[PDB]
Structures are given as structure tokens and as C-alpha cells.
Protein chains: 2
Amino acid sequence: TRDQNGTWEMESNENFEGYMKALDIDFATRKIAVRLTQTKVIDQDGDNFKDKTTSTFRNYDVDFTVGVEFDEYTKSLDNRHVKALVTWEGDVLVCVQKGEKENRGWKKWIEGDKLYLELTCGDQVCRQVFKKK
Amino acid sequence: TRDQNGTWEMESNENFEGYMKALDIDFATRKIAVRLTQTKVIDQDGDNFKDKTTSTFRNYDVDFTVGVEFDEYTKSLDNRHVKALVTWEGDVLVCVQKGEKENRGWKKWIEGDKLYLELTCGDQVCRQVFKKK
């Protein structure tokens with residue numbers, strides 16, 4: 001069939017590294033690119049094609065119990081060992097990541113259909129907002 | 001509510017750059033990380049949490065008509081200008097990306113519920129397989 005319509009989920013990617021290197025993509029970008037999987041959405045009408053490709057990385061699962069300190073390796077980030085303790089302050093979930101970095105942790109709460117996440121490290125604060133799907 | 005269960009799609013990410021820099025994440029990784037959006041799947045049962053986070057990049061749309069040469073800027077890759085021409089060889093979609101790189105192009109075909117994509121650049125071949133979702 002010439003019909004390539006559909007949503008296509010990558011299952012295999014062989015020698016992406018060699019192809020990217022032939023294109024002169026730099027080492028640090030290749031190190032990340034070889035871990036992604038693509039989803040390809042093809043809209044085909046005759047000989048007219050529209051291809052919309054997204055690349056995804058699965059970060060590592062984080063499982064914890066509130067009040068139980070646990071060892072965390074931040075492999076999706078700076079790859080450091082921290083001792084994390086999550087507690088409730090009202091409806092706000094508060095995490096202290098005890099380790100080399102001062103004032104490292106996060107706070108997480110719901111307001112309406114939005115999830116708020118504030119990440120801290122030193123004097124830096126990152127504010128993220130998520131919509132319920 | 002303390003109930004953070006659900007699938008949460010990132011809509012806003014403020015000062016991820018400053019947070020990542022405080023964590024000493026290197027420049028080339030930060031340049032990519034600030035373009036991602038996260039989906040967070042939270043499975044909460046009491047004070048027990050399971051968080052599964054995926055990060056996604058939307059590559060650029062590729063629209064073309066078979067037989068009509070078009071200008072392509074490979075911004076999701078090596079950011080080069082090529083003149084791409086897609087033609088059918090039987091049921092195989094064949095693309096030649098005319099430009100600085102020799103033997104650059106791809107071939108794309110369906111077999112069963114699988115989409116096959118072979119990317120070439122110079123003497124390098126990358127083979128990708130996609131499953132219909």
C-alpha cells in the first residue's frame with residue numbers, strides 16, 4: 001500500500017549515532033538524541049503529505065511515601081545522589097533533597113485543574129504549571 | 001485537595017535555565033532541555049506516590065507533494081538548507097535531499113502494520129521501524 005496515513009510509534013532506531021555524526025551533529029546533542037523515541041503523525045491525501053513528528057524521552061520513575069526519606073539519583077538531570085523527604089504542609093507537597101546543593105527541593109500543589117510545581121536550588125526558583133488532561 | 005492523581009500536561013516552565021545552571025547541567029544539555037514540555041502521570045494511593053514523567057520535543061512539520069521539489073531547513077537536526085524531491089518507486093517513498101552532504105536522503109514504506117524509514121548520509125544508513133498505533 002501507498003497509504004502511509006496514521007500515527008506511528010517508533011519501536012527501533014539503528015545507527016542513529018552514525019547518521020547524526022555524518023551530519024556533524026555535536027557530541028552532546030547526539031548523546032541525548034540516541035535516547036529518544038519518535039511518534040510520527042502522517043496526514044496523507046493523494047500525493048500531498050503532512051508529517052508531524054514528536055520526540056520523547058522517558059524520565060525515570062519516582063516512587064515515594066510521604067514521611068519516608070528515600071535515596072534519589074537525579075539521573076534525568078545532574079545525576080547526583082540526594083536523600084529526599086516529602087511531607088505535607090496543608091495541601092502542599094513539600095520535598096527537601098538533602099545533599100551537596102543547598103536549598104534543593106520542590107513544592108507541588110493543585111489549584112483548580114492546574115498542578116503547580118516550584119523547584120528550588122540555591123537562589124534559583126523554577127515555576128512549572130501543568131494542566132489536567 | 002491532596003489528590004494529585006492524574007495525567008498532567010506542562011503548560012508553563014519559568015526559569016528552568018537558571019535552575020539547571022544551579023545544578024551545573026552543561027550548556028549543550030540546557031539548550032535542548034528548555035525546549036521540552038513534560039507530561040506527568042501521578043498514581044497516588046494515600047501517601048504512596050508513583051510519578052512517571054516524559055519529556056517531549058515537537059519537531060518541525062514537513063509538508064510536501066510527491067514530485068514537487070521543495071526547500072527544507074533541517075532545524076531539528078543539523079540546521080542545513082536542502083532541496084528535497086520525493087518520488088514513488090512502487091510503494092516506496094524516496095527522498096533525495098540535494099545539498100552539501102553527498103547521498104543524503106531517505107526511503108519510507110509500509111509492510112503490514114509497520115512503517116520502515118531508512119535515512120542515509122554519506123556511507124551511513126540509519127534504519128527506523130514504527131508500529132501503527
# chains A, B, ... in the order shown; residues from 1 in each chain; ligands from 1
>>> residues_around(residues="residue 93 of chain A", least_positions_apart="6", cutoff="12 Å", atoms="only C-alpha atoms", output="PyMOL selection string")
(chain A and resi 64-67+85-87+105-110+115-119) or (chain B and resi 1-4+47+49)
>>> interface_residues(of="chain B", to="chain A", cutoff="7 Å", atoms="only C-alpha atoms", output="MDAnalysis selection string")
chainID B and resid 1:2 4 6:16 18:19 22:25 28:29 47:66 78 91 110 120:122 124:133
>>> write_last_selection(atoms="C-alpha atoms", output="PDB file, in the first residue's frame")
ATOM      1  CA  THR B   1      -7.338  18.812  47.623  1.00  0.00           C
ATOM      2  CA  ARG B   2      -4.397  16.491  48.420  1.00  0.00           C
ATOM      3  CA  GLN B   4      -2.790  14.833  42.793  1.00  0.00           C
ATOM      4  CA  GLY B   6      -3.979  12.231  37.022  1.00  0.00           C
ATOM      5  CA  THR B   7      -2.208  12.935  33.750  1.00  0.00           C
ATOM      6  CA  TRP B   8      -0.742  16.451  33.804  1.00  0.00           C
ATOM      7  CA  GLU B   9       0.482  18.274  30.689  1.00  0.00           C
ATOM      8  CA  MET B  10       3.016  21.060  31.159  1.00  0.00           C
ATOM      9  CA  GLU B  11       1.772  24.434  30.030  1.00  0.00           C
ATOM     10  CA  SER B  12       4.393  26.758  31.571  1.00  0.00           C
ATOM     11  CA  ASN B  13       8.067  26.410  32.625  1.00  0.00           C
ATOM     12  CA  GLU B  14       9.682  29.561  34.043  1.00  0.00           C
ATOM     13  CA  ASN B  15      13.443  29.799  34.754  1.00  0.00           C
ATOM     14  CA  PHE B  16      14.240  26.149  34.003  1.00  0.00           C
ATOM     15  CA  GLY B  18      18.528  29.131  35.954  1.00  0.00           C
ATOM     16  CA  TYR B  19      17.595  26.031  37.930  1.00  0.00           C
ATOM     17  CA  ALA B  22      22.464  25.983  39.537  1.00  0.00           C
ATOM     18  CA  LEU B  23      22.638  22.185  39.166  1.00  0.00           C
ATOM     19  CA  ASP B  24      25.698  22.537  36.870  1.00  0.00           C
ATOM     20  CA  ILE B  25      23.966  20.966  33.866  1.00  0.00           C
ATOM     21  CA  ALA B  28      24.550  21.982  25.401  1.00  0.00           C
ATOM     22  CA  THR B  29      22.076  19.987  27.517  1.00  0.00           C
ATOM     23  CA  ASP B  47       0.534   8.774  50.980  1.00  0.00           C
ATOM     24  CA  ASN B  48       2.072   6.440  48.351  1.00  0.00           C
ATOM     25  CA  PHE B  49       3.071   8.155  45.096  1.00  0.00           C
ATOM     26  CA  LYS B  50       4.256   6.854  41.727  1.00  0.00           C
ATOM     27  CA  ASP B  51       5.345   9.600  39.298  1.00  0.00           C
ATOM     28  CA  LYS B  52       6.136   8.759  35.663  1.00  0.00           C
ATOM     29  CA  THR B  53       7.401  11.787  33.721  1.00  0.00           C
ATOM     30  CA  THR B  54       8.058  12.006  29.975  1.00  0.00           C
ATOM     31  CA  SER B  55       9.643  14.963  28.171  1.00  0.00           C
ATOM     32  CA  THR B  56       8.657  15.775  24.575  1.00  0.00           C
ATOM     33  CA  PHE B  57      10.048  17.941  21.786  1.00  0.00           C
ATOM     34  CA  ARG B  58       7.859  18.855  18.823  1.00  0.00           C
ATOM     35  CA  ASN B  59       9.996  18.674  15.705  1.00  0.00           C
ATOM     36  CA  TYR B  60       9.036  20.828  12.762  1.00  0.00           C
ATOM     37  CA  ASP B  61       6.218  19.958  10.375  1.00  0.00           C
ATOM     38  CA  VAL B  62       7.272  18.581   6.991  1.00  0.00           C
ATOM     39  CA  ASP B  63       4.699  19.186   4.254  1.00  0.00           C
ATOM     40  CA  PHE B  64       5.377  18.210   0.669  1.00  0.00           C
ATOM     41  CA  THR B  65       3.794  16.992  -2.545  1.00  0.00           C
ATOM     42  CA  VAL B  66       5.273  13.986  -4.340  1.00  0.00           C
ATOM     43  CA  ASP B  78      21.950  19.906  11.527  1.00  0.00           C
ATOM     44  CA  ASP B  91       5.104   1.661  -2.900  1.00  0.00           C
ATOM     45  CA  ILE B 110       4.698   0.179   4.814  1.00  0.00           C
ATOM     46  CA  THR B 120      21.155   7.963   4.536  1.00  0.00           C
ATOM     47  CA  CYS B 121      24.030  10.400   4.677  1.00  0.00           C
ATOM     48  CA  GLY B 122      27.310   9.545   3.019  1.00  0.00           C
ATOM     49  CA  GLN B 124      25.937   5.880   6.899  1.00  0.00           C
ATOM     50  CA  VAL B 125      22.489   4.288   6.991  1.00  0.00           C
ATOM     51  CA  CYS B 126      20.014   4.608   9.863  1.00  0.00           C
ATOM     52  CA  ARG B 127      17.100   2.148   9.875  1.00  0.00           C
ATOM     53  CA  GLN B 128      13.992   3.031  11.869  1.00  0.00           C
ATOM     54  CA  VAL B 129      10.846   0.934  12.354  1.00  0.00           C
ATOM     55  CA  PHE B 130       7.490   2.309  13.513  1.00  0.00           C
ATOM     56  CA  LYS B 131       4.413   0.451  14.724  1.00  0.00           C
ATOM     57  CA  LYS B 132       0.939   1.656  13.800  1.00  0.00           C
ATOM     58  CA  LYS B 133      -0.874   2.897  16.893  1.00  0.00           C
TER      59      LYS B 133
END
>>> residues_around(residues="residue 82 of chain A", least_positions_apart="3", cutoff="9 Å", atoms="only C-alpha atoms", output="VMD selection string")
chain A and resid 70 to 74 97 to 100
>>> select_by_dssp(residues="chain B", states="alpha helix (DSSP H)", output="list in words")
residues 16, 17, 18, 19, 20, 21, 22, 27, 28, 29, 30, 31, 32 and 33 of chain B
>>> select_by_dssp(residues="chain B", states="strand (DSSP E or B)", output="CSV table (one decimal) with N, CA, C and O atoms, in the first residue's frame")
chain,number,residue,atom,x,y,z
B,6,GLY,N,-3.6,11.8,38.4
B,6,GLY,CA,-4.0,12.2,37.0
B,6,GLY,C,-2.8,12.3,36.0
B,6,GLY,O,-1.7,12.0,36.4
B,7,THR,N,-3.2,12.7,34.8
B,7,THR,CA,-2.2,12.9,33.7
B,7,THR,C,-2.1,14.4,33.6
B,7,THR,O,-3.2,15.1,33.3
B,8,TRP,N,-0.9,15.0,33.7
B,8,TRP,CA,-0.7,16.5,33.8
B,8,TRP,C,0.2,16.9,32.7
B,8,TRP,O,1.3,16.4,32.6
B,9,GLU,N,-0.2,17.8,31.9
B,9,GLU,CA,0.5,18.3,30.7
B,9,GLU,C,1.1,19.7,31.0
B,9,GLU,O,0.3,20.6,31.3
B,10,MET,N,2.4,19.8,30.8
B,10,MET,CA,3.0,21.1,31.2
B,10,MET,C,2.5,22.2,30.2
B,10,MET,O,2.5,22.0,29.0
B,11,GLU,N,2.2,23.3,30.8
B,11,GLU,CA,1.8,24.4,30.0
B,11,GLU,C,2.7,25.6,30.2
B,11,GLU,O,2.8,26.5,29.3
B,12,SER,N,3.5,25.6,31.2
B,12,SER,CA,4.4,26.8,31.6
B,12,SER,C,5.6,26.2,32.3
B,12,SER,O,5.5,25.4,33.2
B,13,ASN,N,6.8,26.8,32.0
B,13,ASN,CA,8.1,26.4,32.6
B,13,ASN,C,8.9,27.7,32.7
B,13,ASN,O,9.6,28.1,31.7
B,14,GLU,N,9.0,28.3,33.9
B,14,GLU,CA,9.7,29.6,34.0
B,14,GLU,C,11.0,29.4,34.8
B,14,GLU,O,11.0,28.8,35.8
B,37,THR,N,8.6,19.9,26.7
B,37,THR,CA,7.4,20.0,27.6
B,37,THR,C,7.2,18.6,28.2
B,37,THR,O,7.5,17.6,27.6
B,38,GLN,N,6.8,18.7,29.5
B,38,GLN,CA,6.7,17.4,30.2
B,38,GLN,C,5.2,17.0,30.3
B,38,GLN,O,4.3,17.8,30.4
B,39,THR,N,5.0,15.7,30.3
B,39,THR,CA,3.7,15.1,30.8
B,39,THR,C,4.0,14.2,32.0
B,39,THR,O,5.0,13.4,32.0
B,40,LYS,N,3.3,14.5,33.1
B,40,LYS,CA,3.5,13.8,34.4
B,40,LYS,C,2.3,13.0,34.7
B,40,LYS,O,1.1,13.5,34.8
B,41,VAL,N,2.5,11.7,34.9
B,41,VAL,CA,1.4,10.8,35.3
B,41,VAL,C,1.6,10.4,36.7
B,41,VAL,O,2.6,9.8,37.1
B,42,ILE,N,0.7,10.8,37.6
B,42,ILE,CA,0.8,10.6,39.0
B,42,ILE,C,-0.3,9.6,39.4
B,42,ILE,O,-1.5,9.7,39.1
B,43,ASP,N,0.2,8.5,40.0
B,43,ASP,CA,-0.6,7.5,40.6
B,43,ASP,C,-0.5,7.6,42.1
B,43,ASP,O,0.6,7.2,42.7
B,44,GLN,N,-1.5,8.0,42.8
B,44,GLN,CA,-1.5,8.3,44.2
B,44,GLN,C,-2.5,7.4,44.9
B,44,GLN,O,-3.7,7.4,44.6
B,45,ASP,N,-2.0,6.7,45.9
B,45,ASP,CA,-2.9,5.9,46.8
B,45,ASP,C,-2.5,6.2,48.2
B,45,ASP,O,-1.6,5.7,48.8
B,48,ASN,N,1.2,7.1,49.3
B,48,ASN,CA,2.1,6.4,48.4
B,48,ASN,C,1.9,7.1,47.0
B,48,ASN,O,0.8,7.1,46.4
B,49,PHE,N,3.1,7.5,46.4
B,49,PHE,CA,3.1,8.2,45.1
B,49,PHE,C,3.9,7.4,44.1
B,49,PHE,O,5.0,6.8,44.5
B,50,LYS,N,3.5,7.3,42.9
B,50,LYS,CA,4.3,6.9,41.7
B,50,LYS,C,4.2,7.9,40.7
B,50,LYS,O,3.0,8.2,40.2
B,51,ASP,N,5.3,8.5,40.3
B,51,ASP,CA,5.3,9.6,39.3
B,51,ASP,C,6.1,9.1,38.1
B,51,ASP,O,7.2,8.6,38.3
B,52,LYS,N,5.5,9.1,36.9
B,52,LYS,CA,6.1,8.8,35.7
B,52,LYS,C,6.1,10.0,34.7
B,52,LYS,O,5.0,10.4,34.3
B,53,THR,N,7.3,10.5,34.5
B,53,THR,CA,7.4,11.8,33.7
B,53,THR,C,8.0,11.5,32.4
B,53,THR,O,9.0,10.8,32.3
B,54,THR,N,7.5,12.0,31.3
B,54,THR,CA,8.1,12.0,30.0
B,54,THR,C,8.3,13.4,29.5
B,54,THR,O,7.4,14.3,29.7
B,55,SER,N,9.4,13.7,28.8
B,55,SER,CA,9.6,15.0,28.2
B,55,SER,C,9.5,14.8,26.7
B,55,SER,O,10.0,13.9,26.1
B,56,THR,N,8.9,15.8,26.0
B,56,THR,CA,8.7,15.8,24.6
B,56,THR,C,9.1,17.0,23.9
B,56,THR,O,9.0,18.2,24.4
B,57,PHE,N,9.7,16.9,22.7
B,57,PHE,CA,10.0,17.9,21.8
B,57,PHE,C,9.2,17.8,20.5
B,57,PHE,O,9.1,16.7,20.0
B,58,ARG,N,8.6,18.9,20.1
B,58,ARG,CA,7.9,18.9,18.8
B,58,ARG,C,8.8,19.3,17.7
B,58,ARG,O,9.2,20.5,17.7
B,62,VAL,N,6.7,18.8,8.3
B,62,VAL,CA,7.3,18.6,7.0
B,62,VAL,C,6.1,18.3,6.1
B,62,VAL,O,5.4,17.3,6.2
B,63,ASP,N,5.8,19.3,5.2
B,63,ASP,CA,4.7,19.2,4.3
B,63,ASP,C,5.3,19.2,2.9
B,63,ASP,O,6.2,20.0,2.6
B,64,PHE,N,4.9,18.3,2.0
B,64,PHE,CA,5.4,18.2,0.7
B,64,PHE,C,4.3,17.5,-0.2
B,64,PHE,O,3.4,16.9,0.2
B,65,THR,N,4.5,17.7,-1.5
B,65,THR,CA,3.8,17.0,-2.5
B,65,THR,C,4.8,16.1,-3.3
B,65,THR,O,5.8,16.6,-3.7
B,70,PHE,N,11.1,20.9,-3.0
B,70,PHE,CA,10.8,21.9,-2.0
B,70,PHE,C,12.1,22.2,-1.2
B,70,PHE,O,13.0,21.4,-1.1
B,71,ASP,N,12.2,23.4,-0.7
B,71,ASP,CA,13.3,23.8,0.2
B,71,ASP,C,13.0,23.3,1.6
B,71,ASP,O,11.9,23.5,2.2
B,72,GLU,N,14.0,22.7,2.2
B,72,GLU,CA,13.9,22.1,3.5
B,72,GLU,C,15.0,22.7,4.4
B,72,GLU,O,16.2,22.7,3.9
B,73,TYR,N,14.7,23.2,5.6
B,73,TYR,CA,15.7,23.5,6.6
B,73,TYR,C,15.6,22.5,7.7
B,73,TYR,O,14.6,22.4,8.3
B,81,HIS,N,20.2,23.9,4.8
B,81,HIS,CA,19.3,24.0,3.7
B,81,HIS,C,19.5,22.9,2.7
B,81,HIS,O,20.6,22.7,2.2
B,82,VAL,N,18.4,22.2,2.3
B,82,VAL,CA,18.5,21.2,1.3
B,82,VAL,C,17.3,21.4,0.3
B,82,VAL,O,16.3,22.0,0.7
B,83,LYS,N,17.5,21.0,-0.9
B,83,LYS,CA,16.4,20.9,-1.9
B,83,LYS,C,15.9,19.5,-2.0
B,83,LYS,O,16.6,18.6,-2.5
B,84,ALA,N,14.7,19.2,-1.4
B,84,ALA,CA,14.2,17.8,-1.3
B,84,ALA,C,13.2,17.5,-2.4
B,84,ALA,O,12.4,18.4,-2.8
B,85,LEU,N,13.4,16.3,-3.0
B,85,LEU,CA,12.4,15.8,-4.0
B,85,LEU,C,12.0,14.4,-3.6
B,85,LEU,O,12.9,13.6,-3.4
B,86,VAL,N,10.7,14.2,-3.4
B,86,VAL,CA,10.1,13.0,-3.0
B,86,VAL,C,9.4,12.4,-4.3
B,86,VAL,O,8.7,13.1,-4.9
B,87,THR,N,9.7,11.1,-4.5
B,87,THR,CA,9.1,10.4,-5.6
B,87,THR,C,8.7,9.0,-5.2
B,87,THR,O,9.2,8.5,-4.1
B,88,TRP,N,7.8,8.4,-5.9
B,88,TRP,CA,7.4,7.0,-5.6
B,88,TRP,C,8.3,6.0,-6.5
B,88,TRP,O,8.4,6.2,-7.7
B,89,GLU,N,8.8,5.0,-5.8
B,89,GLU,CA,9.3,3.8,-6.6
B,89,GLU,C,8.5,2.6,-6.1
B,89,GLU,O,8.7,2.1,-5.0
B,92,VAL,N,7.4,2.5,-2.4
B,92,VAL,CA,8.4,3.1,-1.6
B,92,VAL,C,8.5,4.6,-1.8
B,92,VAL,O,8.7,5.0,-3.0
B,93,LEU,N,8.4,5.4,-0.8
B,93,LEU,CA,8.5,6.8,-0.9
B,93,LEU,C,10.0,7.2,-0.8
B,93,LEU,O,10.7,6.8,0.2
B,94,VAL,N,10.6,7.8,-1.8
B,94,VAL,CA,12.0,8.0,-1.9
B,94,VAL,C,12.3,9.5,-2.0
B,94,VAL,O,11.7,10.2,-2.7
B,95,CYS,N,13.2,10.0,-1.1
B,95,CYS,CA,13.5,11.4,-1.0
B,95,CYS,C,15.0,11.6,-1.2
B,95,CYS,O,15.8,10.9,-0.6
B,96,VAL,N,15.3,12.5,-2.1
B,96,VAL,CA,16.7,13.0,-2.3
B,96,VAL,C,16.8,14.4,-1.8
B,96,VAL,O,16.0,15.2,-2.2
B,97,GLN,N,17.7,14.6,-0.8
B,97,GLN,CA,17.9,15.9,-0.2
B,97,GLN,C,19.2,16.5,-0.8
B,97,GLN,O,20.3,16.3,-0.2
B,98,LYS,N,19.0,17.3,-1.8
B,98,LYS,CA,20.2,17.8,-2.6
B,98,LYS,C,20.8,19.0,-1.8
B,98,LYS,O,20.1,19.9,-1.5
B,105,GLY,N,19.4,11.4,2.0
B,105,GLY,CA,18.0,11.3,1.7
B,105,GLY,C,17.4,10.2,2.6
B,105,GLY,O,18.0,9.9,3.6
B,106,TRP,N,16.2,9.7,2.2
B,106,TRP,CA,15.6,8.7,2.9
B,106,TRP,C,14.6,7.9,2.0
B,106,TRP,O,14.3,8.4,0.9
B,107,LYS,N,14.2,6.8,2.5
B,107,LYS,CA,13.2,5.9,1.9
B,107,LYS,C,12.2,5.4,3.0
B,107,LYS,O,12.6,5.1,4.1
B,108,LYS,N,10.9,5.4,2.6
B,108,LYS,CA,9.9,5.2,3.6
B,108,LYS,C,8.8,4.2,3.0
B,108,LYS,O,8.3,4.5,1.9
B,109,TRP,N,8.5,3.1,3.7
B,109,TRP,CA,7.5,2.2,3.2
B,109,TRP,C,6.8,1.5,4.3
B,109,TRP,O,7.2,1.4,5.4
B,110,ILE,N,5.6,1.0,3.9
B,110,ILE,CA,4.7,0.2,4.8
B,110,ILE,C,4.9,-1.3,4.5
B,110,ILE,O,4.9,-1.7,3.3
B,111,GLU,N,5.0,-2.1,5.6
B,111,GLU,CA,4.9,-3.6,5.5
B,111,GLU,C,4.1,-4.1,6.7
B,111,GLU,O,4.5,-4.0,7.8
B,114,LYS,N,3.7,-2.0,10.1
B,114,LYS,CA,5.0,-1.4,10.4
B,114,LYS,C,5.3,-0.4,9.3
B,114,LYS,O,5.2,-0.7,8.1
B,115,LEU,N,5.9,0.8,9.7
B,115,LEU,CA,6.4,1.7,8.8
B,115,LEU,C,7.9,1.7,8.9
B,115,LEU,O,8.5,1.7,10.0
B,116,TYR,N,8.6,1.5,7.7
B,116,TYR,CA,10.1,1.5,7.7
B,116,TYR,C,10.6,2.8,7.1
B,116,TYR,O,10.1,3.3,6.1
B,117,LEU,N,11.7,3.3,7.8
B,117,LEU,CA,12.3,4.5,7.3
B,117,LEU,C,13.8,4.3,7.4
B,117,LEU,O,14.4,3.9,8.4
B,118,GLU,N,14.5,4.5,6.2
B,118,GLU,CA,15.9,4.3,6.1
B,118,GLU,C,16.5,5.7,5.7
B,118,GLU,O,16.1,6.2,4.7
B,119,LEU,N,17.3,6.3,6.6
B,119,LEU,CA,17.9,7.5,6.4
B,119,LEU,C,19.3,7.3,6.0
B,119,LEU,O,20.1,6.5,6.6
B,120,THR,N,19.8,8.1,5.0
B,120,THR,CA,21.2,8.0,4.5
B,120,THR,C,21.9,9.3,4.5
B,120,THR,O,21.3,10.3,4.3
B,121,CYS,N,23.2,9.2,4.8
B,121,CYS,CA,24.0,10.4,4.7
B,121,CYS,C,25.4,9.9,4.5
B,121,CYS,O,26.0,9.2,5.4
B,124,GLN,N,26.6,6.3,5.7
B,124,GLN,CA,25.9,5.9,6.9
B,124,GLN,C,24.5,5.7,6.6
B,124,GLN,O,23.9,6.4,5.8
B,125,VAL,N,23.9,4.6,7.2
B,125,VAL,CA,22.5,4.3,7.0
B,125,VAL,C,21.9,4.1,8.4
B,125,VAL,O,22.4,3.3,9.2
B,126,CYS,N,20.8,4.8,8.6
B,126,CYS,CA,20.0,4.6,9.9
B,126,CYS,C,18.7,4.0,9.5
B,126,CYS,O,18.0,4.5,8.6
B,127,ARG,N,18.3,2.9,10.2
B,127,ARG,CA,17.1,2.1,9.9
B,127,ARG,C,16.2,2.3,11.1
B,127,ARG,O,16.6,2.0,12.2
B,128,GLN,N,15.0,2.8,10.8
B,128,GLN,CA,14.0,3.0,11.9
B,128,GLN,C,12.7,2.3,11.5
B,128,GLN,O,12.4,2.1,10.3
B,129,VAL,N,12.1,1.7,12.5
B,129,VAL,CA,10.8,0.9,12.4
B,129,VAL,C,9.8,1.5,13.3
B,129,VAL,O,10.1,1.7,14.5
B,130,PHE,N,8.6,1.7,12.8
B,130,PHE,CA,7.5,2.3,13.5
B,130,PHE,C,6.3,1.3,13.5
B,130,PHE,O,6.1,0.6,12.5
B,131,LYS,N,5.6,1.3,14.6
B,131,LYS,CA,4.4,0.5,14.7
B,131,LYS,C,3.2,1.3,14.6
B,131,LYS,O,3.1,2.4,15.2
B,132,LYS,N,2.2,0.9,13.9
B,132,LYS,CA,0.9,1.7,13.8
B,132,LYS,C,0.2,1.6,15.1
B,132,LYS,O,0.0,0.6,15.7
